[PDB]
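Structure 1 and structure 2 below are two forms of the same protein chain, each written out on its own as structure tokens.
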Structure 1
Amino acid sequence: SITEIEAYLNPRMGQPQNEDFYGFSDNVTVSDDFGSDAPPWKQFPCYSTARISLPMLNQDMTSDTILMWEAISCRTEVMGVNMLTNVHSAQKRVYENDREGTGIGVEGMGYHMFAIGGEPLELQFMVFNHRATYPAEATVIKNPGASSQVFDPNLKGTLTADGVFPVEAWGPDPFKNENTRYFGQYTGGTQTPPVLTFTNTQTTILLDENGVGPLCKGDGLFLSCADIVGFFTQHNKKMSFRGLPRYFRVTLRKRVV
């Protein structure tokens, strides 16, 4: 009847896994104008995503009856919020002219989004500057045209790979995702204090208007997120994205479809 799965998604802020700056981007470089804009690889965050294999049910061959895992609810937590109490690790100081005070810690933009679905997250391509040339490592629509600075119904994608779809080029497509629930919050600024909450007591119902949760096609549960907590500012004023990992607990029930 009921199964719980638990999973994590580590952030993909830009710096490679299992090296000293895992969880961070490379230092951000800023172009002089829109026509000379080519953000280098490692300097911008990408979406995290994973497909969790569920116990065989939809692909069970003992019945012609179609059964699917239905995600009825979830808990999700940003993990490692504790680490942001660190104001000693090589941070620009509050009173930098006097070489005094705490580090300024992680400050600036928060972008927190997650999606839970029975198929890959469907994406709309949309960029601040269409003339940005994304690097070879990134999955983007090349030469997308001026229409990609707002909504263009031709510019679609699917979140099919971890750590390569730039956050700044792709977002959830509200014209699709009938079998996914997604949630996002953006708080801008470069000196904004991060605001994060964590608890193991908060449940999100995933049922739609008709009382139906995401249905897991091919016995796959699709988890996606981005958790930009803000910027790390070094003594030399170089700034990098810092990300945190996301916990998922999804409650599923066997459903006759």
Structure 2
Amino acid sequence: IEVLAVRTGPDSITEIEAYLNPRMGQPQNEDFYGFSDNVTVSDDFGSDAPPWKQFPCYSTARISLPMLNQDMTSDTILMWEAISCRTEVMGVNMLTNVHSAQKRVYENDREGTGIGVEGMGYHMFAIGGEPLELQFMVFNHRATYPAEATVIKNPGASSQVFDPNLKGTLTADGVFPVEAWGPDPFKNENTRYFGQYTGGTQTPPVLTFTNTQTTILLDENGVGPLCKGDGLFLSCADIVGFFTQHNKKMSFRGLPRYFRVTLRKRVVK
């Protein structure tokens, strides 16, 4: 793509808003939607087979954009260029719930609040003009992922660190495990991604929300993601931490993510 002039004026700019619900593992429209199933742990890397529902996967959607009024006789085409976004983790308010079926602070005394959601936070989003380009990488290569998940089967010892053969693209919602795929910094020339990990099992979650924050999506040449086939590609994972039951069974809890994206008309060859 040879990139040419920005279009300005009051037809040249549009705004889309979208949500991505989390895919922590439990099925939609059922009582544990937003949670994983209770996590089971292997005894050894050789006998490691995490059941479907017990691990989070990436959220993704393609957003169909408004009609561009293309010039019928020009040797150029217009594309939508994503220039800025707002993104917010929604439902942070729910984490003030320390009554719902939670292990108590003073369990020996059957007293105190629930311990609430605690432990690892993994928060990442991507805005691009094509699917997010992935690097496959796993803690344990010998892990057997379920039929329901999309992974590289028998990926070999090299998949525990960087191996340039082990590539993917985030093409489906809810089936790419977070623990087996990450953004590929050798690609994503037409996507912006942002991620933060805070680990632990008892770490306090820290989340902010405001409707006053905007992130510019322009690269060093002042070019934003260019939406190929007039699609905008949104991706995220938002693990807030763990929910712990009275019997000490632990599940992942996720929150949905809001996106507002401003796009403008860019001429290309």
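Residue 1 is the first residue of structure 1, and the numbers go on in sequence order from there. For clarity, a rigid core is taken as the largest C-alpha set superposing within 1.5 Å between two forms. Residues that one form lacks are left out of the comparison.
To test your reading of the superposition: with the rigid core aligned, which of 197, 202, 191, 59 moves its Cα by 2 angstroms or more between structure 1 and structure 2? None of the others reach 2 Å, which leaves 59.
Core-aligned Cα shift of residue 102 between structure 1 and structure 2, given in Å: Reported C-alpha shift between structure 1 and structure 2: 0.2 Å at residue 102.
Could you point out the stretches of 3 or more consecutive residues whose C-alpha atoms all move by 2 Å or more between structure 1 and structure 2 when the rigid core is superposed? Residues 56-64 form the sole shifted run.
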